[PDB]
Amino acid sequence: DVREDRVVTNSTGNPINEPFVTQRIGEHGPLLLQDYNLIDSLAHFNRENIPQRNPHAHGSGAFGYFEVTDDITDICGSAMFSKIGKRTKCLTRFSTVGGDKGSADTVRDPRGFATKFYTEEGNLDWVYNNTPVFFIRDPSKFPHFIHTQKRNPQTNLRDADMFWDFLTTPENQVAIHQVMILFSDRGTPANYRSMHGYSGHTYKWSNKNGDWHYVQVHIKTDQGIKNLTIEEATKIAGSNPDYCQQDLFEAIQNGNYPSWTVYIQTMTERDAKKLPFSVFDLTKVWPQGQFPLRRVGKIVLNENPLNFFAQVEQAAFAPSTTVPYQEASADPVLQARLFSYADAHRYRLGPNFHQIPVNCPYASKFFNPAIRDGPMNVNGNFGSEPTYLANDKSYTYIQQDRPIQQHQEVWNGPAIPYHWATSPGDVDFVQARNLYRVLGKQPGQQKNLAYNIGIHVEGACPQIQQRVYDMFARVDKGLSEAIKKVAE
């Protein structure tokens, strides 16, 4: 941190005797190469920026804690859940998805809700979105999808034809449950404090006996759901582009700390076999009548970052950062995510990104003899420790009899290249329709959904507009008509 006497130095600690002097011949002659302090400052300035995240480039963050309020040790044996009242420090980063780093907060998008827990068994990242489902169930489709959400390669404008061309392509129409949620007013939250978080995917949690369950996590806001209409969202995007960032910072600064209650839905393997859809399908939700929400604990965000770049922009979240007893299911999208994020951190941040303080596991320090060297190895590189498992040294492997996934499903089959295209019939449209009816219970929302879709589809090509109307007619023909009226 900052030296107490507050002496301004260059990079190598040499004192600067005047803040702005630059050497030249005389008072107004040519600048000299020997002014190394000028080059030191200008060259570090040129290197301030790292690549923005792809996607979720634009975001906000805050520190807090998770607290266990109820017993779930019969579902999960992770140390962070072992005792009621046990707190684990965390870091949450909220974000949008398609926009670049300087884009506005109040636009229509999913919001990310990524939390990092510093547990005794290492860091745990719950890399969640604010929606129960997502647009795809094929991992290979993700580069293609995010490209259509961003800017046209030539015009560099957000293109409504790309957007809707992808989503109305028959094999991609399984995105419809998610398109409904996006274009409802929940696609434009009032702020980060008044939205939910969801695992989306099914995960597998195990207790210490070896009993395991399929789980889905719900992080419900205690401040309550509050949204903006698209007209309010568009006005605020122009007057204050940093509206949600300002709201989170000011709420924590004023002591009005936001909290969320964490719940899980559990299901056994036998129950999963009896469902009309797959537990490995990201575009489906589990019925809360049959599978109710069991309470686990709370997330309170009570501390602002001191430095946004160092603590939030450099923060790295990955679903592969998991503790014992919490594992990923065979959901194809989650499976690919176990590779993608840590790979992105090695590019965006660097080979030794886990040594950056917010990414460092302080409650369970990194120690691995064979993970050494790399650029910007700053923690000492374990000194003279052998670079392999030397026989005259001692090493501890805890929980040796704990299973990773041996005790779970038995798989059978060849290596099949599979494209989980939109199924024949109505199975991938049922839940979008049930959601349309749930919006009928809330006044003004079915009308708003049609308006939100309509003013966006208006920009599209007439051939693509018709495919949008047909796709939505398969959900509800009344909804399809209402979209067309707004679009024309």
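Residue positions are given as counts along the sequence shown, with the first one as 1.
Averaged over their C-alpha atoms, the temperature factors of 27 to 35 and 42 to 50 are higher for 27 to 35.
The mean C-alpha temperature factor is higher for 232 to 240 when 232 to 240 and 409 to 417 are set side by side. In this entry, the residue among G459, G59, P55, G64 with the greatest C-alpha B factor is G459. Note on the listed residues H201, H147, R158, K284: the highest Cα temperature factor in the record is that of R158.
Per the PDB record, residue ranking by Cα B-factor puts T12 in the middle third of the chain.
In the PDB entry, a CA B factor belonging to the middle third of its chain's modelled residues is recorded for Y257. Among the modelled residues of its chain, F308 has a C-alpha B-factor that falls in the lowest third, as given in the PDB entry. Residue-level temperature factors show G380 in the lowest third of its chain, judged at the C-alpha atom. Ranked against the other modelled residues of its chain, the C-alpha B-factor of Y362 as given in the entry falls in the highest third.
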